[PDB]
Amino acid sequence: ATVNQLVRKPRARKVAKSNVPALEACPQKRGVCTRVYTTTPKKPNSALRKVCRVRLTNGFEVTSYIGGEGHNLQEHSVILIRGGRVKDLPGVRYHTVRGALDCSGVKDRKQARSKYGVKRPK
Amino acid sequence: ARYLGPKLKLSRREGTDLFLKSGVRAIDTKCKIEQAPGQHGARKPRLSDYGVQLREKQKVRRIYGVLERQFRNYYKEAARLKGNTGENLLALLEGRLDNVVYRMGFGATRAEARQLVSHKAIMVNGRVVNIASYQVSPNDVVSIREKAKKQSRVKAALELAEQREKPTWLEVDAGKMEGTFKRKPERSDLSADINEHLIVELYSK
Amino acid sequence: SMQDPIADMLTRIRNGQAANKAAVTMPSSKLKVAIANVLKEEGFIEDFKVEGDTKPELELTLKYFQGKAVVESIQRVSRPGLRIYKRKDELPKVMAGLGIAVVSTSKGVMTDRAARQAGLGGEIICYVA
Amino acid sequence: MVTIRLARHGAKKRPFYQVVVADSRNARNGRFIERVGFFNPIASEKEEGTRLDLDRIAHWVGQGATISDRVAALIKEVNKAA
Amino acid sequence: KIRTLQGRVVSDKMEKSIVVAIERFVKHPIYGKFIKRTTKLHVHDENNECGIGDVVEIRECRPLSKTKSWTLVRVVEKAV
Amino acid sequence: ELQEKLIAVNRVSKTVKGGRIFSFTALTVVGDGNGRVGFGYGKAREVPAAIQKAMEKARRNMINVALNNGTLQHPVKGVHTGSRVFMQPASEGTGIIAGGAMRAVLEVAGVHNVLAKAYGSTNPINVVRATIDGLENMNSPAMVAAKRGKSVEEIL
RNA sequence: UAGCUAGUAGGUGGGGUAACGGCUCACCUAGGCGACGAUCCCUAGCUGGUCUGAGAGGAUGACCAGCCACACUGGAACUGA
RNA sequence: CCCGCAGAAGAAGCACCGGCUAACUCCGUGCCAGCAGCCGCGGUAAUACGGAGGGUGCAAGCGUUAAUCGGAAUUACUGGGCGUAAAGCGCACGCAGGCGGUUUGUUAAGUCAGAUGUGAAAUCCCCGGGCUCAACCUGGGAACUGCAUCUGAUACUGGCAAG
Ligand SMILES: [Mg+2]
Ligand SMILES: [Mg+2]
Ligand SMILES: [Mg+2]
Ligand SMILES: [Mg+2]
Ligand SMILES: [Mg+2]
Ligand SMILES: [Mg+2]
Ligand SMILES: [Mg+2]
Ligand SMILES: [Mg+2]
Ligand SMILES: [Mg+2]
Ligand SMILES: [Mg+2]
Ligand SMILES: [Mg+2]
Ligand SMILES: [Mg+2]
Ligand SMILES: [Mg+2]
Ligand SMILES: [Mg+2]
Ligand SMILES: [Mg+2]
Ligand SMILES: [Mg+2]
Ligand SMILES: [Mg+2]
Ligand SMILES: [Mg+2]
Ligand SMILES: [Mg+2]
Ligand SMILES: [Mg+2]
Ligand SMILES: [Mg+2]
Ligand SMILES: [Mg+2]
Ligand SMILES: [Mg+2]
Ligand SMILES: [Mg+2]
Ligand SMILES: [Mg+2]
Ligand SMILES: [Mg+2]
Ligand SMILES: [Mg+2]
Ligand SMILES: [Mg+2]
Ligand SMILES: [Mg+2]
Ligand SMILES: [Mg+2]
Ligand SMILES: [Mg+2]
Ligand SMILES: [Mg+2]
């Protein structure tokens, strides 16, 4: 605080770590599903949330949510992951992209289709 | 790039008459102007500060037929220009070529005027200008070209305009079908129902 | 230790005004006298009086108007831990020109307005409002 | 050597040449010693379009500066017009 | 009038040469405090005339060694 | 002509043997648009009653403010316990560049051109209190002339 | 990361360079750098600028222009202004 | 770029609608399926999930993800703090360092003033001009808060001399 003190030792900028470090400042990244399973939510919620532990092209082993109702995923299924946490799966920091490589678009969706990789119905 | 939907729908939402119809027939006869559009029109929720500002901005945008990016650019230009920002914005909007054509009366609505301008019916200083956003300057003559001079729509529009209140900032010759844009209008010259201040606050959040 | 006599003087003035003291006394110095003179000229104090020979004492007579202190605020600016010097274009306007800023220039201690008129900057001693 | 030449500027299909003194080795729009005019080949009527600071050009030539053919033509035009 | 700098002789051991601190009283970029900064310079001095602690005026010249591109012009305040 | 506007309405609870007792507090601010501004803090079991109480309180205990041509007289700071506030006069046409509560208080007071910021806490009641205090303290050049025993022309 | 440096620091004399110079060599002196961070480690082309911000700052250095370095990797010179 | 031809003809989507945040209803499911930026929502009357109708916002784009600054006075020079919220070394001594009562003289290092040189062009900004308008291009200015040198002022700070 003292001007002398500042001169001696200046003020440190608060280095904020990223909350999506497997992306490595990429907007998406490709990976292979090591394992596909369901998991229980946190204490204000009950569900069986679909999630896949995925090995990324850059080495990282992350866990990724699978949004939408139903999915055509299994082991050795090449997917694109994006940023976003499930607040209620602890330690899940990434979403799968519905409507990418191995991942199919959601079946029978008419709204938020762009978010779930569904093509425009006739 | 243009709104192609229902116009009285827009008017009902705003509350006012936005002059989206020629004004032959009253808006009360063409629609429930008092009630807002849709299932939940018969309800007036209490509007937030943001909401009121947004509504005013929407009103002005609908009145002129400007989409948001263009409108924002207009606001920035106004802010840059010296003097009052809201006033400047209003002046720029007025300056637009489709608007001047409408004011002169070479179109019942601004939509009609815009159509004419796009379709190359309007000459600015003896030079066919095609852009509706073209800023008209002071002392600029703007005229119907002869091929569009035979248009029954143009003559009908002139009649309607004669019914309407004439603008002080233009001088128009009905037989010649030419009008001189003498000067950009002042805020006292434009309509009082527009609260430009709300727009300024909204784009200066 | 005493490390800033001007600051001490300013503090004394502030405390006197707070406490409704009629006069405030302190060890006199030439810089202090100059500052006091500037203050009197601008009308933030009623008077000053230097008294004594070996160790002289400055006695300022403080100024009140409606029961309350005339010098609303009085802050040191330049100080031993951190000197402040400004150029003529950078000279501050205290309270948007209502209050004065005592500036030590090459041509003696003067208010900011006077300094600006002359056309020279200097050590910004204090703001007074 | 030092030369006096046009540097292409403007937009596609709408060239605007800056007349610059420059060491011949340098690239067309690169490093240059002095900018001694401009030339606007699509300039309309009731527009100047050309402007060469002739005194500076004379000085550089005196120093020993070569002149581009186009720049020479421009100089000739300026002299005739004036 | 020639460009020249003054400084205290920090050392005079290396023969025909002295080291001359040229303290400058700069202001801090951010905090605005005035900090004493120092500039050591290897100065050439023929005849080994300078002592330690001596104030000395120096000018810049063609480099005389790996580190030595200054020469002394006049000594001042050469007390012990 | 006594323009008034309610800044914030907040529900507060008391606990009793039975259960919780809710009630509403309304912070309003009135002013004449020529200098006079006053805030009021009313409490009642229902919102309209609370607002009325607040309005009455605000209408009384107003305070005069030295305005120079619809703008501040000089840059002024103001504090009230957590709420430390800064507000600076600005050129005609700038508009009120001021937070929520702050914007309300300034507008009813009658300042048309200000640059404000609320530092510290932004708790509406405290922030309003801070702004009113700052506005009140702000003196005019006639005031400074009177204090220093000079003409206004000597001070400028 | 607290000590580092023997052509190391300076001198004299030869040689060398288009040019000053431990650039190089022989001898002499024992210096020189370092808490105003030497040395060591990690990262990085630099600038005009760019984005943001009321400003002070923060981040950044694609495009355009100035400077630098490199040309499969490691050395070397020749020709030549 | 202009002229002519035919005919509304060939040309509208994307997100969202519990609060923040502009925009609400019905049905389906029933802590499931699912949603989610935060707070949260769903356990059989869900404006929060999914469909529909209606609406809101942008529009040849609209969302999502990543990234930077802002808000964030949340590293606080401008512009924070430390009794109890995070924060006074357990206490002292003391080198470097930071700071220094009062008077006169001197110097002119800091400081201040003026000039000169430079601070490439582009960029930013101002007044113009050219593309039908805009973007874009462009003329002239302003700016480049800097650095250096010379000549001054000497109140303050520093140095030196005496008190
Ligand atoms: Mg960390
Ligand atoms: Mg739950
Ligand atoms: Mg577009
Ligand atoms: Mg030799
Ligand atoms: Mg030799
Ligand atoms: Mg690299
Ligand atoms: Mg590199
Ligand atoms: Mg800020
Ligand atoms: Mg590249
Ligand atoms: Mg090379
Ligand atoms: Mg090579
Ligand atoms: Mg290769
Ligand atoms: Mg090789
Ligand atoms: Mg050759
Ligand atoms: Mg050769
Ligand atoms: Mg709402
Ligand atoms: Mg949704
Ligand atoms: Mg059911
Ligand atoms: Mg139901
Ligand atoms: Mg919701
Ligand atoms: Mg829904
Ligand atoms: Mg900050
Ligand atoms: Mg704090
Ligand atoms: Mg504690
Ligand atoms: Mg203790
Ligand atoms: Mg002293
Ligand atoms: Mg000392
Ligand atoms: Mg000096
Ligand atoms: Mg430039
Ligand atoms: Mg033009
Ligand atoms: Mg002195
Ligand atoms: Mg002295």
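Virtual Cβ from ideal backbone geometry, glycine too; neighbours counted across all protein chains shown. Nothing in this text is a laboratory measurement; each read-out follows from the coordinates by a stated rule.
Would you confirm whether any residue within region A:45-65 is in contact with a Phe, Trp or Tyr (Cβ under 8 Å, 6 or more places away or on another chain) and in a loop (DSSP other than H, G, I, E, B)?
Within region A:45-65, none of the residues are in contact with a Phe, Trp or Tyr (Cβ under 8 Å, 6 or more places away or on another chain) and in a loop (DSSP other than H, G, I, E, B).
Can you pull out every residue in region E:38-63 that is part of a loop (DSSP other than H, G, I, E, B) and buried (at least 16 other Cβ atoms within 10 Å of the Cβ)?
E:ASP45, E:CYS50, E:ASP54
Against the definition (on the phi > 0 side of the Ramachandran plot, within 16 Å of ligand 16 (Cβ to nearest atom) and more than 17 Å from the chain's Cα centre (by Cα)), how does B:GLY83 come out, yes or no?
It is false that B:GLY83 is on the phi > 0 side of the Ramachandran plot, within 16 Å of ligand 16 (Cβ to nearest atom) and more than 17 Å from the chain's Cα centre (by Cα).
Failed condition for D:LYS76, given (1) surrounded by fewer than 13 Cβ atoms within 10 Å (Cβ to Cβ); (2) in contact (Cβ under 8 Å) with a residue 12 or more places away in the chain; (3) not aromatic (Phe, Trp, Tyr), with all others met?
(2)
Looking at the structure I just gave you, is B:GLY65 closer than 17 Å to B:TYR134 by Cα and away from ligand 1 (no atom under 16 Å from the Cβ)?
Judged against the criteria, B:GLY65 is a match.
Return yes or no: is A:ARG55 under 17 Å from the mean Cα position of the chain (by Cα) and among the charged types (D, E, K, R)?
yes
Does any residue of region C:56-67 turn out to be over 15 Å from the mean Cα position of the chain (by Cα) and closer than 16 Å to C:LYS32 by Cβ?
Yes, region C:56-67 has at least one match.
Failed condition for A:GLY99, given (1) part of a loop (DSSP other than H, G, I, E, B); (2) crowded, with 16+ Cβ neighbours inside 10 Å; (3) touching a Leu at 6+ places or on another chain (Cβ under 7 Å), with all others met?
All conditions are met except number (3).
For the structure I just gave you, tell me whether E:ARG37 is more than 16 Å from ligand 3 (Cβ to nearest atom), under 30 Å from A:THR2 (Cα atoms), of a type in the set (D, E, K, R) and within 14 Å of chain A (Cβ to nearest Cβ).
Answer is yes for this residue.
For region B:174-186, how many residues meet the condition of being surrounded by 16 or more Cβ atoms within 10 Å (Cβ to Cβ) and either within 14 Å of chain F (Cβ to nearest Cβ) or part of a loop (DSSP other than H, G, I, E, B) (or both)?
3
Quick one: E:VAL80 ticks every box in (1) closer than 30 Å to C:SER78 by Cα; (2) part of a loop (DSSP other than H, G, I, E, B); (3) of a type in the set (A, V, I, L, M, F, W, C) except a single one, so which number is it?
(1)
Among helices (runs of 4 or more DSSP H) lying entirely in region B:41-151, which contain 1 or more residues that are away from ligand 17 (no atom under 16 Å from the Cβ), within 14 Å of chain F (Cβ to nearest Cβ) and of a type in the set (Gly, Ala, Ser)?
B:68-80, B:85-95
Suppose we filter B:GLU171, B:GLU201 for residues that are within 14 Å of chain F (Cβ to nearest Cβ), among the acidic types (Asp, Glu) and either surrounded by fewer than 16 Cβ atoms within 10 Å (Cβ to Cβ) or not in a strand (DSSP E or B) (or both); which single one remains?
B:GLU201
Taking B:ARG25 and the conditions (1) out of contact with any helix residue (DSSP H, G or I) (no Cβ under 9 Å at 6 or more places or on another chain); (2) in a helix (DSSP H, G or I); (3) within 21 Å of B:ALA157 (Cα to Cα), which numbered condition does it fall short on, given that it satisfies the others?
All conditions are met except number (2).
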